[PDB]
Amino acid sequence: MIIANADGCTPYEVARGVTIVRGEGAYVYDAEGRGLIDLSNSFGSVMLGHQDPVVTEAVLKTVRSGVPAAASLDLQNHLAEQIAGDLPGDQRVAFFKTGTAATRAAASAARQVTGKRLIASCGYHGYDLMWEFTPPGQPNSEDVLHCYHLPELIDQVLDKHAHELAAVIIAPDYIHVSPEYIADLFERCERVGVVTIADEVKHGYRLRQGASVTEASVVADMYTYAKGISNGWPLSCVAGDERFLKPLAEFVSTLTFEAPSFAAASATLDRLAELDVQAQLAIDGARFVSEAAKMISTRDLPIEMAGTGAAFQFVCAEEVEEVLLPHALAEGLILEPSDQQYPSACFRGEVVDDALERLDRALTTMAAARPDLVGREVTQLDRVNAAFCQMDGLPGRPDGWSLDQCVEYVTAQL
């Protein structure tokens, strides 16, 4: 009502008809005491699980100490060392409170160093007007051009503007395109001498202990993190070469160095390593996705599974998704719509079996409630729409599509 910015783009929208009051591990609990397996995890900000006991103990002890902001420089420096040590090369780290602040800061540093203004972008980099999507070839109000993960559109912007780009910022994604496809986007920009920013806000510390692009054989001038590093506490950063981080020396807020979020983040990174989280998720998520695909097949429902491990998606028509999501919720399974799912470290062992049993029940009630969906086919356009929702770009030019058709498609999505 009176909150202006509580519309969409908030997690748990599927549950807006129920009341969530508690979270613990892989589960959240509604007002009636029912437990729901959570595959939203605050849009992937909770990588360890709700109320992780080590993170919580670290936060509680920091709160009880009352230590004020910007006094625990030892802890702050230790966290910067943790982050920099997981990236190849020599990095400095500048801390922020949201992913949007980190990506705008990285863009601002590129502008300061290069003396140029134009930025090219693939993917979603946050809510700031500078990241507002406009059609290909049309700079937005803050002089950002959007290329929708297509190498042909990157090539077009580089052909016309390589000499005047401050930077290219790319949010990687690997559900609908390969690591090699993503690496190719970075390398096109590197070959013409343009600064690169790997926006790892979503995938940093989710797919491996560090930046996802590192395993794609990419190195970038600057990296931005947020969701993976702090288990739901507001902390983000830009990590990158000294030349780009020096312009961020005065990019400080009163509470940049409030202590509880630093305690949470340092504990989170340690716990991710101790519990082998990303490698175990690769195993447990792959089991979930494989078994989910089998259950879908035996029921002839029009859903395809895409991705694996820590990042997978139920690919289907919007009409089908609008049935799957409530049926899953009725069986105690929270899914995010129009996006990947975001399992946490607690999505292991018996929890995966529990989630599959709930999905099994949901697919059965869905087939019985909506028998007209049984036998429906998943179309190319279904898959493209699902990819565009998840990665905010096209998964390469779809088969049989001209580049002009790609441009008209993305224009129609805005």
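Sequential numbering from 1, following the sequence displayed.
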84-92 versus 315-323 - which carries the larger mean C-alpha B factor in the record:
315-323
So, looking at the entry's B-factor column for Cα atoms, which has the higher mean, 281-289 or 197-205?
281-289
Choose from 39, 387, 36, 60 the residue with the greatest Cα B-factor as stated in the PDB record.
60
So if I compare the CA B-factors in the entry for 26, 359, 352, 31, which one is the largest?
31
Among the chain's modelled residues, which third holds the C-alpha B-factor of residue 332?
highest
Ranking every modelled residue in this chain by its Cα temperature factor as given in the entry, which third contains residue 227?
middle
If you rank every modelled residue in this chain by C-alpha B factor, which third holds residue 54: lowest, middle or highest?
middle
Looking at the C-alpha B-factor of residue 104, is it in the lowest, middle or highest third of its chain?
lowest
Would the CA B-factor of residue 123 place it in the lowest, middle or highest third of its chain?
lowest
